[PDB]
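The structure follows.
Chain nomenclature is as follows: A, B, C and D, assigned in order of appearance, with residue numbering initiated at 1 for each chain independently.
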Amino acid sequence: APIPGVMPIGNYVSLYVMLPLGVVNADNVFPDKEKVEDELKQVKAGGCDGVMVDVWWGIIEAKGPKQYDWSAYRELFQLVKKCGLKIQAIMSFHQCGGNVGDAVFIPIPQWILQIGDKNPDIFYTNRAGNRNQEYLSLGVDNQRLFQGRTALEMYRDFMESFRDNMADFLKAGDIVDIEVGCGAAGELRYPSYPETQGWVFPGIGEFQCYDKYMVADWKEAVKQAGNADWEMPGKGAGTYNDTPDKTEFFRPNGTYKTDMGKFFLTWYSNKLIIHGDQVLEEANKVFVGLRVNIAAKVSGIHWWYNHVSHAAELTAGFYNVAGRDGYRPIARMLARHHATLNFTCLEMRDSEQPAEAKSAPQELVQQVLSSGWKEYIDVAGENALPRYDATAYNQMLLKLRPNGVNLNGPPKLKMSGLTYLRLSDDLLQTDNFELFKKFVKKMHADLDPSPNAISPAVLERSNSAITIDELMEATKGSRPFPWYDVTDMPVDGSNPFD
Amino acid sequence: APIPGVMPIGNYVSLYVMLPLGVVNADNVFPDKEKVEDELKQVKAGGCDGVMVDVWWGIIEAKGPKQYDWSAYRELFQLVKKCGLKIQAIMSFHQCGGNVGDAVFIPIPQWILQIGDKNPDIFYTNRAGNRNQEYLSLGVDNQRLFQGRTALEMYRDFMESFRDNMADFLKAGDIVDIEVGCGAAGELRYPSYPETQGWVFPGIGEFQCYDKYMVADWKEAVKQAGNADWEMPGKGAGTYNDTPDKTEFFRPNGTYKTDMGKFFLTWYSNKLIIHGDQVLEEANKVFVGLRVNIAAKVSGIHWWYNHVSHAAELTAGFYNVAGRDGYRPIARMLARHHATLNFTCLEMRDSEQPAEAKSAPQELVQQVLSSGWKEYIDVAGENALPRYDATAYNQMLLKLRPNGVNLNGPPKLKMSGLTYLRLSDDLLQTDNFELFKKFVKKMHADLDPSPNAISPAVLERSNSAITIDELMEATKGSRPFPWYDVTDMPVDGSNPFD
Amino acid sequence: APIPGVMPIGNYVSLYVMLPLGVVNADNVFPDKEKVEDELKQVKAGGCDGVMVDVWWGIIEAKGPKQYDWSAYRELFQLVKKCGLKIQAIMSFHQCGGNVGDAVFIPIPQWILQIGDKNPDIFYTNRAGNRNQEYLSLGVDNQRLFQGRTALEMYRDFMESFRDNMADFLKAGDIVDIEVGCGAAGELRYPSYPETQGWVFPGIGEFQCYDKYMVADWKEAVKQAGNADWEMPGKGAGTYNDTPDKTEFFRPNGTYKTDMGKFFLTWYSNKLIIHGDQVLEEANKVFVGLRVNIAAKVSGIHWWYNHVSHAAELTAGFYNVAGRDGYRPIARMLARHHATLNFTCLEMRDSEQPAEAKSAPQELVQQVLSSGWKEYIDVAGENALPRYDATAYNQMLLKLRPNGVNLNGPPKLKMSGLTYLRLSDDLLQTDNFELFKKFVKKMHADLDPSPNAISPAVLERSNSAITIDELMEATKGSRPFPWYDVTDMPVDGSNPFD
Amino acid sequence: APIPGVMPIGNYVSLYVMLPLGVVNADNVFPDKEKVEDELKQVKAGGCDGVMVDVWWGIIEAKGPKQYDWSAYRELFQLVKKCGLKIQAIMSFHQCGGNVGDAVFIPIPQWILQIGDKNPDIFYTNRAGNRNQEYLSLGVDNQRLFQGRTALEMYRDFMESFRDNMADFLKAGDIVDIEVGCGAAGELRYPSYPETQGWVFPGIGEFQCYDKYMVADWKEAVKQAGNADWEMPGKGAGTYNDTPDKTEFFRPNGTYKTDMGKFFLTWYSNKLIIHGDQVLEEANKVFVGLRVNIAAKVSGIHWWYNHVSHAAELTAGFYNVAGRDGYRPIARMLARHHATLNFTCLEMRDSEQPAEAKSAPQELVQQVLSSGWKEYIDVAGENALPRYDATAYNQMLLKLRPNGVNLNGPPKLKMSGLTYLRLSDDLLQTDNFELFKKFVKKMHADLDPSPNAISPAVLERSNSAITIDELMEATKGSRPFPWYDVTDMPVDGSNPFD
């Protein structure tokens, strides 16, 4: 029996804060140095472990191919290191929305946008023929279209330039995570719910496989199956803001239940898995032998989860239906590269969602985290929308330790880390910043911060294993681990006794 | 993330087997040495960790006060030690039923039965005036009636004679547990459901506080409360085989809900707690500084648990009702002496009980184990009735690890050990003995036996703390820890995934 | 291979400081509270782990038998606990010199001195017939002469009164060591070099076995050997300030080499061992089951060590000669009670001693510590004379870790602790107190203090085993472990590389 | 204090046996499969941990550049894996003597010998102009002379072909060490004592830097120092079998003490260090992220060690003189690649060497192992000549743990492993094989074999750091750690007590 009052370190969970969006201007400039280093000081005073910042592709390689400028980000990291915080870098091969709302506009290298200018098919395309310019379609990962280099080669060269230019921070251990962007918002998914094309929650979304490079692939595949006459979904699949039932593809016993539907969804989902597999290999080769975690982000698509079609998840590329786990195979893939899974949604509660949405964020989180730990990989996460209430802090606290704390040692289930939405004035406001420091404490299980990177203490990155299209075994349905009902360590409460 | 296939030792749970009832004759004789040492060899071949044997008081101190004969038990232990098994000794200050059914008859020292012969009040008495001769009423713990010695002093002298005569086995570490008998069948309870007086499941039972020594105590207490005119229950409490509702004491809003009823139940239950407290102190003083666990046994009284009166538990001395945990204070008491709680019922399932019984064995087990771990003590257990089916083996397996195994280290919840009903021919039968060896393996979490006493590896016994009638704080209701639905490691099944 | 800059905790060695001699007046008064709590604050500011204080027998039981007053010592400990320091209590059953030099005079309970007044034989006596009143001769351990109680019983009752009155400090873990006094200055030895009787370094000393109770014992023993006509040493043994060679008992091939000499020395040394054995048993029984170390102090008698007679050691009671280890059997005895050996001399260097003295403090320390670790017990120590130079700090540092630090884990050889001479103004003087804080740091192996009682972290006291006059096996000569030449972590130096 | 009889695992040291020289014929054939698998079975029955085998370059790439055949070695490893032994593979880029003595003849790829046929300068050359064909001179590491590939590129391609073809054995963890050959006999040294050119112990040897590629380098370097007129040693340096004093270069106050001599030796020794640095980088890049140790072998050149010139060491390339550690910088270099140092000589005793030789093998071993552990790297080793006596087994046992065993945890100093000379009939002979099994037991510190690769349990290979010609700091003289006098665990003896 444990000694009363003794809380083992294994229960500690790192907590990082995301820095303001344009902390480094679209122009490679780092302004307001003084101010920023005052917020960082407060953040550190709150017991935070570190921060997560976007290393924008459209800024570093702005001037031209292979010519990178790390000057600013260098000052930014030295500043952070000076305040005693660890660093989570996101390799952002995407655009940071430049919509009316003014929020800083950071596209991808402009010279790339000029190539797609005469070759739209480099972007993800819906069936109407709209082109999304925030990320490069996977249909061109292995295509030589960018001044000699292929999409994948551009990704490695970037991470490689980053590895060599940040070697000192990496040696010292200041950089703890390398979050590899695999699509829009840096997430391994299709751009199925583009706000720029008229999407509004809770539309089902749209399939994004109509660029020419992807189509050809679909044609070759449909022929080797003996059904050369099969086509991709059409008006039957509907549009961005449709409902599953107003559709013929997602209605109960609809087209997705068909041999042809299963063949399409299998193809579309595998295509996304393979895109992830290939990007993470380059990431593995670039960081092997270093003490740092590599992670891919998987978005949480909870709307329509309680509908037989799991429509929203399907358009995004996750083939998750009854009797078919569409997440587990991703996790086995990530397992291959000894990578961590970062799930970007876990503060939400089923009741905070309109009934009309068929949303089930909690049940989603359980399945995803369960299939991750079942394939022996570390799972990390963050919140989706900004929040400063105790309700949100408690939900996140539940998910970091589904079975509460373990007084006998490391818990049975535990997330390796959580990154908080974003640092801001509304947060640093005396009031909020108070509740916050409480949440950070509960995150550390009432322990004091430990700059020794306890737990997630970066382990040496191992060389990848070897794949096989044997992921299909991974889709076997399974019972998710049982979740506690409420948090063990609430921010404004006492020991519920479980 | 853990390494696949690596099962940490912390998940291991010791499994012992109870030896045949009269393995040592009522006459201090150890017959059939040859046969027995062949069963022990099989038992050890099954991976069992050890065995539990009754060190009968009525055999060792048979000839007369202070004159003990450990000869036979000495041969028995040397034999066991030779077969490489650990030893769980029960200090049996009780009688082993000498009913018609022939099963060996072992009373308590006959010279004691001759004293109670002219002084019946030494035995537990019901209101009709029946005397139970299997154990000495707690009303005489501190009474000088036995040739100079008091009940408690007789208990310590016994354990003390046992400590000195078994010092070598204790030094070597062969004796791992000292199970201290506190009543009938060696359990801290009142003899409320005596089969010798006509009791048949699921009778509510009867209060056992009518001996003269206890009565006086009740009179003194009722007067200092200002209600000198209060009495103990009468015909209103009913008889052994009554139902809660046919009673006026246990009916909804019955007498037990009254100020007088609460005052009686509080008194009756505290009296049992104090009897335990005093017997375990003597046990502490006798074994301090030695590497061995001391444990008290608490019986599982599941019938009528789902009735507002918790009748059966009340007559046995456990004041467990809505908004009042009658087990937690016992556990805090046991915590004081760094003692382990042995719960004698945990293979049963709610469905194996007649609906008419209002029985809830599973919900009982949860509450008892939960309140034990909440007071920071080790909880151990055993099955109540003999069983050889996979259904029973799986239930016990669930309770030893309510949240399954922990691949990251010691589980969150885990029992320190389990002792199996009893070694017998029907068990050692090729068939059964097979299922059994499977159960032992799952008990060890598919690991190989570890004679190093892993986990429960006997720690040094610490001197007791100091009580206060501050147990009353312990009766505050609480949420029990959440239990998994099915076992993690079933005997004839695969990984349910939780 | 270890990680550079990582110093494992196992290399940490606790450092305590002795408080001023009369910190509690001969009159049970604790004056200058304010001042003292200012020194304690400085001491704690120096990183010290705790302090060691004399719990004088002549103060606590001054008024009369069994009537103890812990009032003052209670204030003293609460003050110390308030400054965050651990406590090493010495059960001082001796007198604290009340010589001309004024230094506070604290005798043993005056009522005892009045008994010896008519019975001088209670004190250790030399052959001239001088009586030493600082401690009770072992010849009366088992003699009922003190108002009903025996010497040993008076010792246990004292430690028992101390255990019950200090239970809270003991529970909390503030009291870490119980140093049990076994003679003059609290050391298991004979008062062979009494400064009160004219002794001046480096006299050989005198045997102290002439009180009547001891003599009788010697007569009974000499008769069962068949030499009833043997006598104790006479003028042949010389006097306090003689040299080994001017003697006939200690000259090469002198009387100590004889069958009669060996028989006397064997008897005299065993008598001291048994006195220790019996006092430590009482100490064991009183503190079993508690988290605290019990230790006996053995004085370092280095003069005449390099002479074949080891004269000084012989008169003190240590039968240490060529081919006979007179310390190892003491250590095996101490092993029996799971006790620690505190050696009171280990800062000295062979060169700081006059050549005429035949002194070998370093070689002594090696033998004593080696035989201690060989019998599996913890060895602790302190300096003999007050010192504030780097030479002394480095010697002590060598002996705490004879083989320096271990970057792979706990060192091979390591002392469990060291108590510094005594807190004083000449030490707290800005200058000295500086060198001191350096020494404390090196003691902790350049780590920061750890109030968690790391290493010596008080383990539960185990019940004693059982002796036999089989100590004689322990006198077999043996090679001491090899010692490093210089310290690993000097106060004013760098890594000598070993 | 440790528990008696408990030997911590950290004291365990792996023991491997070298397989017979041509276990795989010069013709890629694996004959006598049956016999061999019977010896392996005995070897495993002796508790050995594994075996070390030469993966000859002249066999695998015999047919032609880039065309490797791993067929045989594949059968050999599967056989070994079947017998439950770990594998130490030597990347042998050298020749295995094909002298008169018949012992199997295995040269390097014959097509390479045909190139050097018209270009002798690819081989190491002495001043008379003799060419050694057992290894490629470092003067051609970065020269494109081998059908497009450079020496270094040929080495990586080989290790890379080995990594990919042995991936399964590597994944499983059967291959534990990758011993990278850096010269003759696979050792980082110059071929200074070639038996093929008339060398006989204890000749001083000859400098091996006269090939044209090396000379040019020496000319460029001597000019930038402003002494363009300096030359390499001549007749003044003598010949293979000369004595240090009959020379003018190695005589006291000879040419090696001169500014010109120091400049030559500095250049010659650095050249060897850099050759090692470059070969180990390729090895690092090829094995990063895998759980396997990479090691370089440094030969033990003990003759003339006790002479001021350290002649033999100087000709071999180790600039080790008074006030200059010529080994430490090698170790700091090896530290850069997280590599292990394998010292090939450590059973010898100073007394087994002719006085005329000025040999000091023991003092050599101390310095080399000490400088290795001081630069934070693991040191391993083997014996130089075959031996089956207890004298030899005890010496090796001393060096594996210079300070014996540590009952408190991992020793202060400990070798990571030892590979035994070679499996043979004279060893497997009932007699010898007996003493042997004793030695293996003492190697494991009287523990039973642990196939879990305890201790050296292959850790993940980390990416290399980055060099600088800042090795020069490493040549600062230092005190080696102190060595125990005799072994802790002798094969035919008892506890010397240190």
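The rule we apply is simple: contacts are C-beta pairs under 8 Å (C-beta built on N, C-alpha and C of every residue); 3 or more make two chains touch, one makes a residue touch a chain.
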| item | value |
| --- | --- |
| Centre-to-centre distance between chain D and chain A (centres being mean Cα positions), rounded to whole Å | 49 |
| Chain B and chain D: spacing of chain centres that average the CA atoms, whole Å | 66 |
| Where chain C and chain D are represented by their mean Cα positions, the distance between them in whole Å | 53 |
| Residues of chain C engaged with two or more neighbouring chains | none |
| Contact graph of the chains (line, ring, star, complete, other) | ring |
| Interchain contacts, given as pairs of chains that touch | A-B, A-D, B-C, C-D |
| Touch list for chain A against partner chain B, complex | 1-4, 10, 370, 373-374, 376-378, 403-412, 414, 478-482, 484-485, 496-498 |
| Residue ranges of chain A touching chain D (in the complex, touch as defined) | 171, 284, 288-291, 459-463, 465 |
